[PDB]
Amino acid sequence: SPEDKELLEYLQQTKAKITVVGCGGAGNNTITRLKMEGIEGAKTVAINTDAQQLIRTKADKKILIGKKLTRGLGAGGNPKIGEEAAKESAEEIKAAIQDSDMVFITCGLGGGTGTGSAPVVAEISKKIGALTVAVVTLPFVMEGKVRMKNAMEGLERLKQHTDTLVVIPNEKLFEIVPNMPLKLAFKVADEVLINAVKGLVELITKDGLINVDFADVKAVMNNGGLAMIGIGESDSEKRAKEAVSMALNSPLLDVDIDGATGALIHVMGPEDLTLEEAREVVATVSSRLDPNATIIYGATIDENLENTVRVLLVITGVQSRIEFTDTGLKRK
């Protein structure tokens, strides 16, 4: 009906449709925490090639791709199987995000499924006009040369189908956290992924002390190119003043940012989070990027955050200072 159709539309246009998609054991592992812990204003879809894994995964919608190829046992770190498996189910996937204004594709680069599928999804995402964003991590050195090699090649493909590509050099984590088994190191990674994907999405969908227009988010990330996360947090007197400079100095931000084209700041904190602090954070990051960089900044209150202010930094437009290498990212 015409009268209804018009009401319907008003509804849908009231807010944006965000969809977070995680591929592979890594991606699925992230999708579950977001789902359980809850992710404001975002739909969660988890696609894997391993049925057993997809089973113990929590999400709004699950999808088993590449039925033929993989007997539901995984692509065995073979990217090609992932890419093929995806396209097979390129349809049931397109329906999973069919009406999204923005779609996030997250996973852990280096394996088969993730490295493979991640880009296929990115392409499907874009064909439907959705603002496309990926948030993937690079493999640990302990993982070997072959793993990294594939990761990088996947990271390449991904770049050709994304509006703003965010990568985390899992390796740099040891420059923060101490030495530890490849098992526990993964946990550290697990955290960071959640903080980045959640922190991003929620910078758009959660109500904070500052208005964050989707029109601006869309503008700044429509050409994000390559972007790098940066995390920090303080407890002291000048927590605001610290968390910022701590995130700005996070080894995860492996690149020079003097010529930052854009940035997405999401300052989080306790009930006593003030606009000055938020202001403080933004002011700092602002004087580091291009004097004319487009900056999107929010400031919410975290349910459980006694007296700690966490800060998420996602510097976009840094592809001009990084060089893809079969062994990883080099600071060109």
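A residue's number is simply how far along the shown sequence it sits, counting from 1.
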Seminar exercise, completed: Looking only at C-alpha temperature factors in the entry, 227-235 or 165-173, the higher average sits in 227-235
Seminar exercise, completed: Stretch with higher mean Cα temperature factor, 71-79 vs 124-132, is 71-79
Exercise. Highest CA temperature factor in the entry: which of 241, 149, 198, 187?
Worked result: 241
For this session: Would you mind finding, among 42, 265, 64, 293, the residue with the largest C-alpha temperature factor in the entry?
Result: 64
For this session: Compare the C-alpha B factor of residue 96 with those of the other modelled residues in its chain, then answer lowest, middle or highest third.
Result: highest
Seminar exercise, completed: residue 332: C-alpha B-factor third of its chain, per the entry, is the middle
For this session: Using the B-factor values recorded in the entry, state whether the Cα atom of residue 84 falls in the lowest, middle or highest third among the modelled residues of its chain.
Result: highest
Exercise. Lowest, middle or highest third: where is residue 260 by Cα B-factor in its chain?
Worked result: highest
Exercise. Lowest, middle or highest third of the chain for the C-alpha temperature factor of residue 300?
Worked result: lowest
